[PDB]
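Working notes, structure below.
Positions of Cβ are backbone-derived with ideal geometry, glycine not excepted, and every protein chain shown enters the neighbour counts. What follows is calculated from the coordinates using simple rules that are stated; it is not laboratory data.
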Amino acid sequence: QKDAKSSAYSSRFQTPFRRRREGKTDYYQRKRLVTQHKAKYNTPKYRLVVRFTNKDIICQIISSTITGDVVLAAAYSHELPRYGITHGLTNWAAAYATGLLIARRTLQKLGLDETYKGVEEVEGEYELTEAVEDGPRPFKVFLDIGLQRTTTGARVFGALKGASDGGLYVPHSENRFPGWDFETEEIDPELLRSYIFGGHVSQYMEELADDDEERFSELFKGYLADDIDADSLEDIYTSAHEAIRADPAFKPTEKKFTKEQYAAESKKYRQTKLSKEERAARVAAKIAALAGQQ
Amino acid sequence: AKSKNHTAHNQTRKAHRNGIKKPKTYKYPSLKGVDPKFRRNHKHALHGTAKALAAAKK
Amino acid sequence: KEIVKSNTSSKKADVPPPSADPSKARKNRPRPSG
Amino acid sequence: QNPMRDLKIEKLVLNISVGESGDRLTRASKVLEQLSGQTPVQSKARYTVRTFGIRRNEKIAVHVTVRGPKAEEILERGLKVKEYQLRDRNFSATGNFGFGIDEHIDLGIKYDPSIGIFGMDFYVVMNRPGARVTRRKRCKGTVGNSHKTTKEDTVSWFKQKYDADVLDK
Amino acid sequence: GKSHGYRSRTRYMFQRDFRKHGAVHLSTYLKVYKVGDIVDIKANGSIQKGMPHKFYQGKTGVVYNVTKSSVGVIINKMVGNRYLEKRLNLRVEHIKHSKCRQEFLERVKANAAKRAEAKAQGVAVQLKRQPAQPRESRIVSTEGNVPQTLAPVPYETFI
Amino acid sequence: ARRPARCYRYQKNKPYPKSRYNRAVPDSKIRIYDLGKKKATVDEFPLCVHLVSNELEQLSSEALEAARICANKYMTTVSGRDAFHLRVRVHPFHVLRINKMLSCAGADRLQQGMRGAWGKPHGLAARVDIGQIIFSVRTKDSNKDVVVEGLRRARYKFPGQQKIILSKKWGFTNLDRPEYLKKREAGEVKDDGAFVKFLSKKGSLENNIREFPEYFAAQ
RNA sequence: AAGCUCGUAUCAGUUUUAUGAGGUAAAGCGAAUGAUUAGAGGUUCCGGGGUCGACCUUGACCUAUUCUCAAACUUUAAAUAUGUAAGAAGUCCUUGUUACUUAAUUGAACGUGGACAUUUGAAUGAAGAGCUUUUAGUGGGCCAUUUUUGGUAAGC
RNA sequence: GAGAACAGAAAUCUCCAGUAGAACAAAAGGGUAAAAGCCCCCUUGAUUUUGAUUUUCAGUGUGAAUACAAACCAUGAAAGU
RNA sequence: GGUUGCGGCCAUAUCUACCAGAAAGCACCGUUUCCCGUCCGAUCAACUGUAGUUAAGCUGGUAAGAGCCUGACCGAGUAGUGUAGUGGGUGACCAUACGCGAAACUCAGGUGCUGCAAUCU
Ligand SMILES: NC[C@@H]1O[C@H](O[C@H]2[C@@H](O)[C@H](O[C@@H]3[C@@H](O)[C@H](N)C[C@H](N)[C@H]3O[C@H]3O[C@H](CO)[C@@H](O)[C@H](O)[C@H]3N)O[C@@H]2CO)[C@H](N)[C@@H](O)[C@@H]1O
Ligand SMILES: NC[C@@H]1O[C@H](O[C@H]2[C@@H](O)[C@H](O[C@@H]3[C@@H](O)[C@H](N)C[C@H](N)[C@H]3O[C@H]3O[C@H](CO)[C@@H](O)[C@H](O)[C@H]3N)O[C@@H]2CO)[C@H](N)[C@@H](O)[C@@H]1O
Ligand SMILES: NC[C@@H]1O[C@H](O[C@H]2[C@@H](O)[C@H](O[C@@H]3[C@@H](O)[C@H](N)C[C@H](N)[C@H]3O[C@H]3O[C@H](CO)[C@@H](O)[C@H](O)[C@H]3N)O[C@@H]2CO)[C@H](N)[C@@H](O)[C@@H]1O
Ligand SMILES: NC[C@@H]1O[C@H](O[C@H]2[C@@H](O)[C@H](O[C@@H]3[C@@H](O)[C@H](N)C[C@H](N)[C@H]3O[C@H]3O[C@H](CO)[C@@H](O)[C@H](O)[C@H]3N)O[C@@H]2CO)[C@H](N)[C@@H](O)[C@@H]1O
Ligand SMILES: NC[C@@H]1O[C@H](O[C@H]2[C@@H](O)[C@H](O[C@@H]3[C@@H](O)[C@H](N)C[C@H](N)[C@H]3O[C@H]3O[C@H](CO)[C@@H](O)[C@H](O)[C@H]3N)O[C@@H]2CO)[C@H](N)[C@@H](O)[C@@H]1O
Ligand SMILES: NC[C@@H]1O[C@H](O[C@H]2[C@@H](O)[C@H](O[C@@H]3[C@@H](O)[C@H](N)C[C@H](N)[C@H]3O[C@H]3O[C@H](CO)[C@@H](O)[C@H](O)[C@H]3N)O[C@@H]2CO)[C@H](N)[C@@H](O)[C@@H]1O
Ligand SMILES: NC[C@@H]1O[C@H](O[C@H]2[C@@H](O)[C@H](O[C@@H]3[C@@H](O)[C@H](N)C[C@H](N)[C@H]3O[C@H]3O[C@H](CO)[C@@H](O)[C@H](O)[C@H]3N)O[C@@H]2CO)[C@H](N)[C@@H](O)[C@@H]1O
Ligand SMILES: [Mg+2]
Ligand SMILES: [Mg+2]
Ligand SMILES: [Mg+2]
Ligand SMILES: [Mg+2]
Ligand SMILES: [Mg+2]
Ligand SMILES: [Mg+2]
Ligand SMILES: [Mg+2]
Ligand SMILES: [Mg+2]
Ligand SMILES: [Mg+2]
Ligand SMILES: [Mg+2]
Ligand SMILES: [Mg+2]
Ligand SMILES: [Mg+2]
Ligand SMILES: [Mg+2]
Ligand SMILES: [Mg+2]
Ligand SMILES: [Mg+2]
Ligand SMILES: [Mg+2]
Ligand SMILES: [Mg+2]
Ligand SMILES: [Mg+2]
Ligand SMILES: [Mg+2]
Ligand SMILES: [Mg+2]
Ligand SMILES: [Mg+2]
Ligand SMILES: [Mg+2]
Ligand SMILES: [Mg+2]
Ligand SMILES: [Mg+2]
Ligand SMILES: [Mg+2]
Ligand SMILES: [Mg+2]
Ligand SMILES: [Mg+2]
Ligand SMILES: [Mg+2]
Ligand SMILES: [Mg+2]
Ligand SMILES: [Mg+2]
Ligand SMILES: [Mg+2]
Ligand SMILES: [Mg+2]
Ligand SMILES: [Mg+2]
Ligand SMILES: [Mg+2]
Ligand SMILES: [Mg+2]
Ligand SMILES: [Mg+2]
Ligand SMILES: [Mg+2]
Ligand SMILES: [Mg+2]
Ligand SMILES: [Mg+2]
Ligand SMILES: [Mg+2]
Ligand SMILES: [Mg+2]
Ligand SMILES: [Mg+2]
Ligand SMILES: [Mg+2]
Ligand SMILES: [Mg+2]
Ligand SMILES: [Mg+2]
Ligand SMILES: [Mg+2]
Ligand SMILES: [Mg+2]
Ligand SMILES: [Mg+2]
Ligand SMILES: [Mg+2]
Ligand SMILES: [Mg+2]
Ligand SMILES: [Mg+2]
Ligand SMILES: [Mg+2]
Ligand SMILES: [Mg+2]
């Protein structure tokens, strides 16, 4: 730019933590989650990591280790088709889905699945998973927003209300869900229970069916050729509920070929580094070209 | 009138006659300044592990 | 509706910044003659 | 060669710099709502200048930001006013550009003498796809060397379409 | 007037290192301290709360308490002729984990494993350390290295 | 006034420069550190002579001044006005203090005194290490006799011992004259203002090419 | 001064090894800051005037160089001095207590029962180690080498 | 730095650059960049109780400070503070 | 091996330029009813994955590149410094003895390593 930086600048510049430069981590907040009580010693702290890619929803149960962070067990939106949703991968009801998947998935890993049931048939009303009298206590997990901007009725808090509703202790307040009115100041479980099962996406299809066919042609084009209807949506997620709680156990992809086999090909497209004899020979040649005062 | 102000002269000397001692430590140090609800619960952990030997010996 | 947009400046001085003064001015400009 | 990098208009801010408080400011604020239909935002005074009769923190100017469809025609409205001829300045070296015209009557906008008379500033910023790379929250990046709208590149865009002209040199 | 307040003279001392500033990383918060731990004390300027007085900078002591954000450390300072017992309540950003004792454990443990070698064989133990020694007789080969003989250099000015 | 140079001759105090915490100090009686022909090309003035301190002490600007003036006025008027480049190699940054008991009429005081002794700035001097060069002169090799005496004539304004040293080096640079000329055939010397720039091997290959063409005539 | 409890328990104006901490000396300024001599290159086509019905000076900035500096500058950084450890109050195995703590027989302390001595876990020294009570005088100090402030300096 | 009616050195608007070269009452030094800065939202932990610890130190007082306990509150989705 | 979610150390990871990028992922991007946030669906929100795309973000390579990391009887046993003498010198200073010992310089090499999870010719 002819803003070119003086060596004095680039010599004294202090480079941030790498995961700041690439902007994947707010460490100010990470300190305020990871760090545990010192009279609680080595008993780790667990965060619920909720990350939305464009095409996927990531939900991970994570504790921290100085070698690197640990994840108990993880789920995805892209797992949900196995539980019966081909379309609508990233949306609130799919966040409740993935959130309730990892709720009954991880909590099963602990042997805590049977005891500490959940909220069962879902009124969408505000409650948390309380404690069993003379028994274990809920496995405590904390919400990790990541870089995500907090708003009332945000895609992340579905995974919150999904996972909280699946037996996990993930404390919160209702007010950032849909149905908290910023005057009323209490919650309406309808607007939530609607959203929980997809009661927005479906309602748009109806209204959109009226206004524009050509808009409905593409936007929902996946629902058309798959034989899916408007209020069928309510039972797509209500079914996957039973399906999730049925088989929370994690089966991975069988991933055709293998580890070694991938690598043999999967990057032949990276360049090799030179040696010093290579770079020095080029330099001496790059002189010969540019030489002769040209 | 004016006179001396300060010095450390000869003080190392005086403090090495009888001096410099040592922390004089014991086993089972005092608990001064330890978390109260540790030293509270710690009482009953010992109050209870007493009866355990008020039974075993018979 | 009066909506004001806030300044990101940390400067709380009422002093005009020393980019401005009788100097740095110019004897030129289209002073209207008509 | 040039699949995704074509162009667009990022935003156009019409700015009306009053220089005084009260009516002339508050009236010029109605002008910009009758202009874009968007409700505008006034600016406080940076610092006191007793020559211009304004204490600091005195509400002075006003403007509004418009994008997409509504801007391009209000931009097209202005290009009719200066008659599709612009100078070698008016185009920033960062690729963006802008001009100004008096009276605001010249593009639509009937009189309404119960408003009064105002001119304005037309400045408009050019961008490309992948612009939110810089403007987002997560993983904020920086537009590469290619892309990165240049001065002669948004000129060859503004001369080709709009069939306009460079001037003054 | 003389000025003796708490942090006086600490200017360079409490400075963060050249090109190390801002937030403190997570290894500091992720460390566990129980009683008896031997810790080195070095203050951190970024954290003002619960930091040592400038005296204890560089001193090493045994933690006598573990609280929410801090550990009490008992340290021995001399006043007059004696050492009194100081105990500081310091946060974890100002606490290191002392490598002084750490090797002694790796010494004892290696000593017990070399004891089993005198149990399974019966050779002499040689457990306790011995300082460096006079070395020994040797023979230096003139083969391929023949002493090259030097003299002193004269005086000449280099500027 | 100017109490004699015998009072300030030795470096008795930590350097006390003109600064923010010390202001209102006089100006160095020597403002001119470079004179003669200061634009002369490097290759023009091969031979160099130094005036080197043999002592660890303080040189006052006023003394530096008269030394400078002395050297020049002889050097020029004998050999030539442009026959040399004289550089004063030391800058008087140390600020001397006086107490100044003398105040105003009619009487001195009793008995205070030493009380409030700290001084106001008096003069400037340049604190000098053993073997530190004071003056440097570069000229043509044929001027030696005239240059060697020029500095020799200026020592008498300098407190302490100082030697006149024949510099084995080219001009005001490094590189003893053969090791200079060695890099002159390779054209590694680009004349700068009254100095040279040297061609590195350390930089970007583009500008290294443009900068020193005849070095790769080729390589 | 009086002793008292004990008999090599524990030490130590010292080193060795392991492990900390520090920002002085030195050093650095074509590294930040602040100061500081000299030319050379490049835009203002000028901040301002001229030469002419746009070319030269003046400055202002900019680029790579050049001479010299800092108790209250500094990337770097000693020597000397300095905190800690070198065991039986050790290193481990097991599993009882609690109202603290945990998703939890998770922990945390504190115990029960059990594994290992022979260089028992650097050198050197120990004229013995620990403890207590009481009470005199003193509370103008000065000198040498070295580091060091004020002062031209002083048997200051 | 490059760009816009009057608008000029100085008004308001834009983009690019920008390791802190700004700001944090004040002395100075330290510390801070998705903040400790600017701005907005909500509050009264500038509260109750009573001990311990650091500096100064005689290891008295006083001033100031640190880490807890026991309550009762604020804030936030929360962990937290 | 690439790729992503959370990372540890926090430039061998930063800057500047220029190229290369299959698979998958990431993005860029389409959408403006609903929760939601703005002067402005730009950022924030929600819907869709459908209409389009590697141009960019991103990952690599290239540079007698900047900076940064590393090494050495490179400079230097130099500067400084601990101990010593009824050593030298009018002094300023300096030598020697028993030890400790730099920074600049220079040559040389290097340009992220890696944890848990998932995923892909
Ligand atoms: N060179 C002589 C120096 O002066 C010393 O003595 C000085 C003074 O003590 C003595 O008295 C002088 C007096 O002679 C002279 N004519 C008048 C002067 N006021 C006096 O001095 C007196 O007054 C001065 C100033 O107020 C003060 O120093 C003090 O009150 C007192 N000494 O005379 C000397 C100066 O005039 C000693 N003679 C000698 O040891 C010293 O080296
Ligand atoms: N020679 C090694 C070096 O010198 C030291 O190592 C050791 C000794 O040289 C050093 O001795 C020092 C002495 O210099 C100086 N007198 C300070 C200190 N009191 C002594 O150290 C010892 O002091 C007494 C016993 O004398 C003990 O109470 C104390 O705990 C101990 N550290 O004690 C160190 C530990 O025993 C430094 N730790 C370090 O520079 C380095 O290790
Ligand atoms: N750090 C490793 C060591 O670096 C040493 O080298 C040191 C110097 O040679 C090197 O100096 C380089 C210089 O070589 C190069 N040609 C220019 C560069 N600006 C300098 O850099 C250095 O000095 C500047 C100030 O001049 C500082 O701003 C900078 O932080 C510093 N790294 O800085 C190094 C220290 O950072 C030795 N090569 C060797 O002992 C070892 O490799
Ligand atoms: N001599 C040229 C003129 O003098 C001054 O500038 C001179 C210097 O101040 C400046 O020197 C360098 C500069 O080259 C470089 N690119 C940046 C650097 N910070 C400057 O540093 C300067 O100032 C700092 C304190 O801030 C000093 O420590 C340093 O010794 C001094 N050279 O470059 C000039 C030549 O050395 C005026 N600022 C300006 O009018 C003009 O450059
Ligand atoms: N370095 C080893 C030391 O062993 C010591 O151990 C010593 C004592 O603890 C132990 O004493 C025991 C005692 O515990 C127990 N309650 C009573 C029993 N009679 C004592 O026994 C001892 O003393 C008696 C009486 O004089 C002697 O007859 C007998 O020989 C001796 N073993 O006897 C040991 C001496 O022989 C300490 N644990 C400690 O100082 C250190 O670890
Ligand atoms: N809180 C009640 C107490 O619990 C104690 O047990 C708790 C711990 O103390 C006990 O841990 C023991 C520990 O006591 C003992 N001193 C050392 C042993 N390695 C530990 O074992 C621990 O680690 C091993 C793997 O290393 C695990 O398999 C095991 O589950 C775990 N408890 O395991 C329990 C939970 O961690 C004892 N049963 C007893 O002192 C008492 O009942
Ligand atoms: N101004 C007169 C005097 O100057 C002296 O200055 C001396 C100091 O500045 C410096 O002396 C240093 C000393 O500071 C440091 N602590 C120890 C070091 N060995 C000495 O070194 C000096 O003296 C020794 C003596 O044999 C010489 O061998 C050595 O070459 C010389 N540099 O060098 C000077 C002596 O050579 C003293 N400051 C003091 O006696 C008095 O002020
Ligand atoms: Mg946050
Ligand atoms: Mg239980
Ligand atoms: Mg609340
Ligand atoms: Mg509440
Ligand atoms: Mg008196
Ligand atoms: Mg006296
Ligand atoms: Mg007295
Ligand atoms: Mg006094
Ligand atoms: Mg006694
Ligand atoms: Mg003071
Ligand atoms: Mg430091
Ligand atoms: Mg350091
Ligand atoms: Mg505070
Ligand atoms: Mg004198
Ligand atoms: Mg003095
Ligand atoms: Mg001066
Ligand atoms: Mg005074
Ligand atoms: Mg020196
Ligand atoms: Mg002389
Ligand atoms: Mg060390
Ligand atoms: Mg310093
Ligand atoms: Mg200091
Ligand atoms: Mg110095
Ligand atoms: Mg240096
Ligand atoms: Mg600075
Ligand atoms: Mg500053
Ligand atoms: Mg010039
Ligand atoms: Mg180094
Ligand atoms: Mg038990
Ligand atoms: Mg003995
Ligand atoms: Mg007495
Ligand atoms: Mg008395
Ligand atoms: Mg008396
Ligand atoms: Mg005396
Ligand atoms: Mg006397
Ligand atoms: Mg005498
Ligand atoms: Mg800048
Ligand atoms: Mg700066
Ligand atoms: Mg504040
Ligand atoms: Mg300040
Ligand atoms: Mg600062
Ligand atoms: Mg930073
Ligand atoms: Mg809480
Ligand atoms: Mg969009
Ligand atoms: Mg979005
Ligand atoms: Mg590409
Ligand atoms: Mg390089
Ligand atoms: Mg390496
Ligand atoms: Mg002598
Ligand atoms: Mg020596
Ligand atoms: Mg030593
Ligand atoms: Mg060494
Ligand atoms: Mg890199």
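Chain B: D in µm²/s via Stokes-Einstein (Kirkwood Rh, Cα pairs, 25 °C, 0.890 mPa s)?
The estimated diffusion coefficient comes to 142 µm²/s.
Partner chain Cβ atoms within 10 Å, averaged over the residues of E:29-37 - can you pull that number for me?
Per-residue shielding by partner chains comes out at 4.
Report, in whole Å, the centroid distance computed from the Cα atoms of the stretch F:204-219 and the stretch A:145-171.
Measuring centre to centre over Cα atoms gives 64 Å.
How do the peptides F:43-51, A:240-248 rank, highest first, by the average count of neighbouring beta carbon atoms within 10 Å per residue?
Final packing ranking: F:43-51, A:240-248.
Let me know the volume per residue of the alpha-carbon convex hull for the protein assembly as shown, in Å³.
Hull volume over Cα atoms, normalised by residue count, gives 473 Å³.
When chain D is modelled as a GNM with alpha-carbon springs shorter than 10 Å, which of D:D153, D:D121, D:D23 fluctuates the most?
Judging by the Gaussian network model, the answer is D:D23.
What is the order of F:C70, A:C59, fewest Cβ neighbours within 10 Å to most?
By the 10 Å Cβ count, ascending: F:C70, A:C59.
Given the C-alpha centroids of the stretch E:104-149 and the stretch A:216-232, what is the distance between them in whole angstrom?
81 Å
Cα to Cα, under 19 Å, and not fewer than 8 places away if on the same chain: which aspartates and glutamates meet these conditions relative to A:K140?
Answer for A:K140, where 19 Å is the Cα cut-off: A:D69, A:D113, A:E114, A:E127, A:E130, A:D165, A:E174, listed by chain and number.
Over chain A, what is the relative contact order in whole percent, taking alpha-carbon pairs under 8 Å and six or more residues apart?
About 16 percent, as a whole number.
Roughly how tilted is helix E:99-119, in degrees to the nearest 10 and between 0 and 90, from the longest Cα axis of chain E?
50 degrees
In whole Hz and in residue order, list the ³J(HN,Hα) couplings for the stretch F:154-162 that follow from phi through the Karplus curve 6.51 cos²θ - 1.76 cosθ + 1.60, θ = phi - 60°; x for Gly and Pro.
8, 4, 5, 9, 10, x, x, 9, 8
Counting other Cβ atoms within 10 Å of each Cβ, which trypsin sites (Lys or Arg not before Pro) in the stretch A:39-83 have at most 10 and sit in a DSSP loop?
Values: sites: A:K40, A:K45, A:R47, A:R51, A:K55, A:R82; in loops: A:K40, A:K45, A:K55.
Within the stretch A:39-83, the qualifying trypsin sites (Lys or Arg not before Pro) (loop, at most 10 other Cβ atoms within 10 Å) are A:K55.
How compact is the stretch A:33-124 by the rule of thumb for globular proteins, expressed as Cα Rg over 2.2 N^0.38 Å?
On the way: Rg = 15.1 Å, N = 92, 2.2 N^0.38 = 12.3 Å.
Relative to the 2.2 N^0.38 Å estimate, the stretch A:33-124 comes out at 1.23.
Cα-Cα over 28 Å: which of B:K32/E:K128; F:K73/F:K168; A:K55/A:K256; A:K286/F:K182; B:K37/E:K86? Write out the running numbers ahead of the final one.
Numbers: B:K32/E:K128 37 Å; F:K73/F:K168 26 Å; A:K55/A:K256 23 Å; A:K286/F:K182 25 Å; B:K37/E:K86 23 Å.
Cα-Cα > 28 Å for B:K32/E:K128; rest within.
Which entries in the list A:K24/E:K68; A:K31/A:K117; F:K18/F:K100; E:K68/E:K96 go over 21 Å, if you measure between the two C-alpha atoms of each?
A:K24/E:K68; A:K31/A:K117
Can you tally the net charge around E:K49? Count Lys and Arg as +1, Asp and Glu as -1, for every other residue whose Cβ sits under 10 Å from the Cβ of E:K49. Please report the intermediate quantities before stating the final value.
Working: positive: E:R91; negative: E:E93.
Net charge around E:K49: 0.
Give me the inter-chain shielding for F:207-215: mean count of other chain Cβ atoms within 10 Å, whole number please.
2
With contacts defined as alpha carbon pairs under 8 Å and 6 or more residues apart, what's the relative contact order of chain F in percent?
On the way: 369 pairs, mean separation 65.0, N = 219.
Dividing the mean separation by the residue count of chain F yields 30 percent.
Are there any trypsin sites (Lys or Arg not before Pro) in the stretch A:128-201 that are in a DSSP loop and have at most 16 other Cβ atoms within 10 Å? List them by number.
A:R149
Which percent of Cα pairs goes in each bin when the distances of chain A are cut into 10 angstrom slices starting at zero?
Pairs per bin, as whole percents: 5, 20, 26, 20, 12, 9, 5, 2, 0, 0.
When chain E is modelled as a GNM with alpha-carbon springs shorter than 10 Å, which of E:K109, E:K54, E:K128 fluctuates the most?
Ranking E:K109, E:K54, E:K128 by mean-square fluctuation puts E:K128 first.
Only helical DSSP H runs with n ≥ 4 go in: add -39500 (n - 2.57) per run for chain B, normalise by residue count and round the 222 nm mean residue ellipticity to 500 deg cm²/dmol.
My calculation for chain B gives -13500 deg cm²/dmol from helical runs alone.
Give the order of A:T65, D:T51 when sorted by the count of other beta carbons within 10 angstrom, beginning with the fewest.
In order of increasing Cβ crowding within 10 Å: D:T51, A:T65.
Considering only E:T67, E:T142, E:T28, give the residue with the highest GNM mean-square fluctuation for chain E, with springs between Cα atoms whenever their separation is below 10 Å.
Highest fluctuation of the listed residues: E:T142.
Taking the number of other C-beta atoms within 10 Å as the exposure measure, put F:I32, D:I54, F:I165 in order starting with the fewest.
F:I32, F:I165, D:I54
Largest first and in whole Å, what are the equivalent-ellipsoid semi-axes of the stretch E:1-150 based on the Cα gyration tensor, each being the root of 5 times an eigenvalue?
In descending order the semi-axes read 44, 27, 18 Å.
Per residue, how big is the convex hull of the stretch D:1-143 when only Cα atoms are used? Give it in Å³.
164 Å³
Under 18 Å Cα to Cα from D:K8, which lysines show up? Leave out anything in the same chain fewer than 8 places away.
Correct list for D:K8: D:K70, D:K148, D:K151, D:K159, D:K161.
Using DSSP, restrict attention to beta bridges with both residues in chain A and report what percent are antiparallel, rounded to the nearest 5.
Of those bridges, close to 75 percent are antiparallel.
Which pairs, out of A:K276/F:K183; A:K2/F:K201; F:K37/F:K197; D:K137/E:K31; B:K4/F:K14, put more than 30 Å between their alpha-carbon atoms?
Checking Cα-Cα distances, D:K137/E:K31 exceed 30 Å.
Could you give the distance between the Cα centres of the stretch D:74-113 and the stretch D:1-69, to the whole Å?
Centre-to-centre (Cα) distance: 15 Å.
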